[PDB]
Amino acid sequence: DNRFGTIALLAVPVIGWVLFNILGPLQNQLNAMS
Amino acid sequence: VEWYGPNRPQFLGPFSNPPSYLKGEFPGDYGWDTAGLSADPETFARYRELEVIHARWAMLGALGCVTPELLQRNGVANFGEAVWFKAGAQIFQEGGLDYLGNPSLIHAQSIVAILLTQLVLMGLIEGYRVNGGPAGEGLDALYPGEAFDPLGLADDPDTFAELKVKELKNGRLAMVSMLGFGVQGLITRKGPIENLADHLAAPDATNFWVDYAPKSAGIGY
Amino acid sequence: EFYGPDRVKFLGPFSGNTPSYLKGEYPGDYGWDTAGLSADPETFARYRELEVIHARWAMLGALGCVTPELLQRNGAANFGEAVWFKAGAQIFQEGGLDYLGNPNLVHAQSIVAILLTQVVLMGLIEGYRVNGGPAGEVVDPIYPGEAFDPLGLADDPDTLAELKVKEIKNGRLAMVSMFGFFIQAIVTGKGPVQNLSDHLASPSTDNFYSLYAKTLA
Amino acid sequence: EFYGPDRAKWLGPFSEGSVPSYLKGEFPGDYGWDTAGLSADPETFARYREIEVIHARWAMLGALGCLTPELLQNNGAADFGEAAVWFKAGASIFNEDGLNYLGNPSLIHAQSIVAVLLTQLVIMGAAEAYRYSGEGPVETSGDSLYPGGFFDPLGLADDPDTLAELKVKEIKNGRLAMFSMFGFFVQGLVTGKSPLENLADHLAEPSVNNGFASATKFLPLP
Ligand code: CHL
Ligand SMILES: CC(/C=C/C=C(C)/C=C/[C@@]12O[C@]1(C)C[C@@H](O)CC2(C)C)=C\C=C\C=C(C)\C=C\C=C(C)\C=C\[C@@]12O[C@]1(C)C[C@@H](O)CC2(C)C
Ligand SMILES: CC1=C[C@H](O)CC(C)(C)[C@H]1/C=C/C(C)=C/C=C/C(C)=C/C=C/C=C(C)/C=C/C=C(C)/C=C/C1=C(C)C[C@H](O)CC1(C)C
Ligand SMILES: CC1=C[C@H](O)CC(C)(C)[C@H]1/C=C/C(C)=C/C=C/C(C)=C/C=C/C=C(C)/C=C/C=C(C)/C=C/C1=C(C)C[C@H](O)CC1(C)C
Ligand SMILES: CC1=C[C@H](O)CC(C)(C)[C@H]1/C=C/C(C)=C\C=C\C(C)=C\C=C\C=C(C)\C=C\C=C(C)\C=C\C1=C(C)C[C@H](O)CC1(C)C
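Quick note, the sequences are listed as chains A, B, C and D, same order.
To convert, note that position 17 of the first sequence is 30 in our numbering; the numbers rise steadily by one, no gaps.
To convert, note that position 190 of the second sequence is 193 in our numbering; the numbers rise steadily by one, no gaps.
To convert, note that position 102 of the third sequence is 127 in our numbering; the numbers rise steadily by one, no gaps.
To convert, note that position 181 of the fourth sequence is 392 in our numbering; the numbers rise steadily by one, no gaps.
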């Protein structure tokens, strides 16, 4: 059913938020080790 | 310069942008070669010949495909099957293919002879069309004129050029029309006129978009 | 007769005008490019290679689609499916595919393995035909010779010229006949050899006319 | 790797001897594959190159478009009925009850097939006319095949070096979509079921459920 759907939908704001505050510094990581 | 010129009509009209090789020097040059199949001048010359011949045959085809079906109702006619597609069985009829239903008219019941004669007849005609036989030996290939222009309608260059545009536009219209007859004959086994009659009787109860549209997948007529 | 400006033409005497690029110097040149598809010399070269490869495959196919049917109806051998448009179904049977009907020949049972082995073997073979390999280096992409002419039937250049014509001529006839095999099979579910026997039995009644045709509408 | 004389080719190690001279490796997705010599003419090559990109993007949209509806209904979200099957979701509007959307009648609820049809010709025809001829509305027209800012809203193509690599990724994802779109078609005309359903059959009995299972389907039986 949708039980797993609704719960998984909680990840989208979380994943989007983590990136909004980590993407930039992450890009420094793979660029340094490139 | 109307049809033959840089300011000629085009297939997209306003937004239409003409290709470099297409310059309007030839009739029907609405600047439609987005695929790029005529970039070669020699190929383009050959394609123009094919276009007119495919156009001319279709014009004869459109009239020949509609005459038996039309005369069948609007006039007096007893064709075995007025439909253009079901015209081969006319020779397979009991008394053979009878022109206009007349037992004396042609009255051919030999597929071998009618097919063999056509190969002899059309074989010379197409052969003469290419090597320039007696009915015009050194004329233009695509536009011979001369003996093939008995009435001499296009005897003036200016007029002839415009008539050429008309020949293609009527011909190009005919070519798409033949396509319609075929696709519809497949989707609906009826003569083009019978299909038209359905659209006349009900232009909203026949639109393929219903009559057969949801009948091309999953399930069909 | 088959080369140069005096070469024979596809339309015979009525040929008259011929494509300027379509001169002699190549086998099977009858001056037929009315569609003007080989105006570009680069494309003409490619089309020449495609024709001879389609032709060589057709010759193999024409002989390969008739022999099992001939042998079956001549009593020479008993196959699972003699007709070509059904021989593929042999892999979906109790005994798989047995060459010449002998259970101790090939005896294939898995269509995948047949497909997998063909992909690997044909892939390498076609790669060798376009980049050289174990059989030889590439000089002519369509006429390698050397390891592919062990008998030396084309050692003399004059015989090589006339022989190339024979291949394209025989090849073209194979392509037309193999195209017939495709259509005859759809219109007549009978095999092509069976069709030939029926036409010989009663040509007036057994032909594309007086049968089918009207059904094709 | 994807540009220059040492780019990846279509015949791998056997391609060195079969790469058309014109294919020098100057455009995205050049694996040197013109066996028919169709793109030998410079102009014809350019016109085709444009077609290839357009056919690709349409396909890339087509892939998700053909799988999204059936996926959602199966995912346990929304409902579609025949609308799930991409090859049968062409009567949903003709199916009385509004075409709707994500199974919500409060949406398009389209029923007039003649409506969507006409509007389509008008709306797309324009967007195609601009695409056919660069137009002012477009803020960044430059090359017709690759309009920038106006269409490059996120400006991911702003970096020139990335644009090359990114253009190669565009055509390659596009060609994969085109190949799969041709698959969805044939798969349907033969199996007559959903592409996702087809996948379910292969996942069920991979050795039994495959293309050769329906090989005898169109036997020219007398
Ligand atoms: C290379 C060309 C080739 C062609 C033309 C065919 C044709 C056919 N195979 Mg087949 N096969 C081919 C190669 C191969 N097959 C198989 C394995 C099988 C199996 C296991 C089966 C078939 C079957 C069939 C038939 C399907 C049903 C039927 O009667 O269709 C009617 C179709 C026709 C009468 C005309 C078909 C030819 C048409 C012109 C096709 C279009 C041209 C080609 C696509 C050319 C390009 C080929 C390239 C892409 C490889 C059919 C005639 C089935 C069969 O025979 O069951 C009765 C079947 O079960 N094939 C393998 C090994 C994996 C092949 C390897 O090359
Ligand atoms: C050639 C091929 C695959 C080639 C793979 C290649 C090149 C490899 C890719 C790589 O390059 C990469 C990406 C990266 C490189 O570093 C390494 C390699 C590994 C080299 C697939 C063929 C795969 C071909 C397959 C599986 C075809 C199956 C056909 C079927 C089932 C036909 C069935 C029927 O046709 C019948 C028989 C009768 C009809 O009437 C009915 C139906 C049902 C249509
Ligand atoms: C010249 C000209 C000029 C201008 O340009 C115009 C035009 C017209 C264009 C041109 C022309 C063209 C043409 C004619 C074409 C044709 C083609 C073909 C038909 C091919 C075939 C082709 C064909 C082919 C290859 C074939 C092949 C075959 C094969 C492989 C087979 C196989 C098999 C066998 C054995 C048996 C089994 O059981 C089955 C199988 C397994 C299946
Ligand atoms: C390179 C080479 C070289 C040599 O020389 C020669 C040769 C070989 C020829 C070449 C090759 C080529 C090729 C490969 C081609 C291919 C193509 C394709 C397949 C395309 C697709 C294509 C495809 C496509 C576009 C697709 C499209 C789609 C679309 C739009 C849409 C759809 C849909 C959707 C979403 C959903 C719904 O529900 C339904 C519909 C509505 C239906
Ligand atoms: C130009 C271009 C441009 C860009 O580039 C793109 C592209 C694509 C490449 C291109 C396009 C094209 C299009 C769009 C379309 C086409 C159409 C058609 C349909 C034609 C026809 C065509 C068609 C035709 C000729 C037809 C013909 C027919 C005939 C003679 C005959 C008929 C008939 C008759 C009387 C009656 C009887 O009972 C039957 C029959 C015997 C059957």
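Backbone N, C-alpha and C define an ideal beta-carbon position, used for all residues, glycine too.
Reduced DSSP secondary structure (H/G/I, E/B, other) of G34 of chain B: coil
query: Alpha carbon to alpha carbon, what distance is there between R197 of chain C and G135 of chain B?
result: 29 angstroms
- prompt: Under 7 angstroms from any heavy atom of ligand 1, does the C-beta of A114 of chain C make it?
  reply: yes
task: Could you spell out the range, first to last residue, of the alpha helix (DSSP H) harbouring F256 of chain D?
output: 253 to 286
query: Who are the Cβ neighbours of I94 of chain B in its own chain at under 8 angstroms, not counting the five residues just before and after it?
result: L100, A111, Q112, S113, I114, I117
message: Looking at chain D, is there any beta carbon in it that lies within less than 8 angstroms of the beta carbon of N15 of chain A?
response: yes
message: ligand 2 and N409 of chain D: does any heavy atom of the ligand fall closer than 7 angstroms to the residue's C-beta?
response: no
field: Beta-carbon proximity of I193 of chain C to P52 of chain C, cut-off 8 angstroms
entry: yes
Ordered list of alpha helix (DSSP H) runs contained in the segment 371 to 424 of chain D, each at least 4 residues: 371 to 402, 406 to 415
task: Please list the partners that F39 of chain C has in chain B, where partner means a Cβ-to-Cβ separation under 9 angstroms.
output: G126, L127, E129, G130, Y131, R132, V133, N134, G136
Local conformation of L122 of chain C per DSSP, three classes: strand
message: Under 7 angstroms: does the beta carbon of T427 of chain D sit that close to some heavy atom of ligand 3?
response: no
- prompt: Counting only runs that start and end within the segment 78 to 102 of chain C, where is the alpha helix (DSSP H) found for 4 or more residues in a row?
  reply: 92 to 98
- prompt: Is there at least one non-hydrogen atom of ligand 4 closer than 7 angstroms to the beta-carbon of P280 of chain D?
  reply: yes
- request: Give a yes or no on whether 8 angstroms exceeds the smallest Cβ distance from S229 of chain D to chain C.
  value: yes
query: Quick one: does the C-beta of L146 of chain C sit closer than 7 angstroms to a heavy atom of ligand 1?
result: no
- prompt: Quick one: is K299 of chain D buried, meaning 16 or more other Cβ sit within 10 Å of its Cβ, or exposed?
  reply: buried
Cβ shell of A199 of chain C (< 6 angstroms), same chain only, five flanking positions each side left out: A83, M84, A87
field: Length of the line joining the Cα atoms of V155 of chain C and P169 of chain C
entry: 11 angstroms
query: Is any beta-carbon of chain D found at less than 8 angstroms from that of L25 of chain B?
result: no
- prompt: When every heavy atom of ligand 1 is checked, does at least one fall within less than 7 angstroms of the C-beta of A210 of chain C?
  reply: yes
message: Following a CB-centred definition, is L23 of chain A positioned closer than 7 angstroms to any heavy atom of ligand 2?
response: no
message: Whether or not the segment 19 to 33 of chain B and the segment 233 to 246 of chain D are in contact is what I'm after, with contact meaning three or more pairs of Cβ atoms, one per stretch, closer than 8 angstroms; do they touch?
response: no
query: Of all Cβ atoms in chain C, is any one closer than 8 angstroms to the Cβ of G91 of chain B?
result: yes
field: Cβ-based burial, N77 of chain B [other Cβ within 10 Å; buried from 16]
entry: exposed
- prompt: If we call anything under 8 angstroms between Cβ atoms a contact, is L377 of chain D one with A368 of chain D?
  reply: yes
message: Which residue wins for smallest C-alpha separation from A85 of chain B, given the options B:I222, B:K193, B:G126?
response: B:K193
message: According to DSSP, is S303 of chain D part of a helix, a strand, or is it coil?
response: coil
message: Can you pull out the residues from the segment 67 to 100 of chain B whose beta carbon lies closer than 7 angstroms to at least one beta carbon of chain C?
response: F88, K89, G91, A92, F95
task: Consider the Cβ of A219 of chain D: report whether some Cβ of chain C lies at a distance smaller than 8 angstroms.
output: no
message: Would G18 of chain A pass as an interface residue toward chain D - the criterion being a Cβ-Cβ separation below 8 angstroms?
response: yes
query: Contact check, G214 of chain C vs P431 of chain D under 8 angstroms by CB: the rounded distance?
result: 5 angstroms
- prompt: Under the three-state reduction of DSSP, which class applies to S226 of chain D: helix, strand or coil?
  reply: helix
field: Under 7 angstroms from the C-beta of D65 of chain C: neighbouring residues of chain B
entry: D43
- prompt: Distance, Cα to Cα, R342 of chain D vs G360 of chain D?
  reply: 15 angstroms
- prompt: DSSP puts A111 of chain B in a beta bridge; with which residues?
  reply: B:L100
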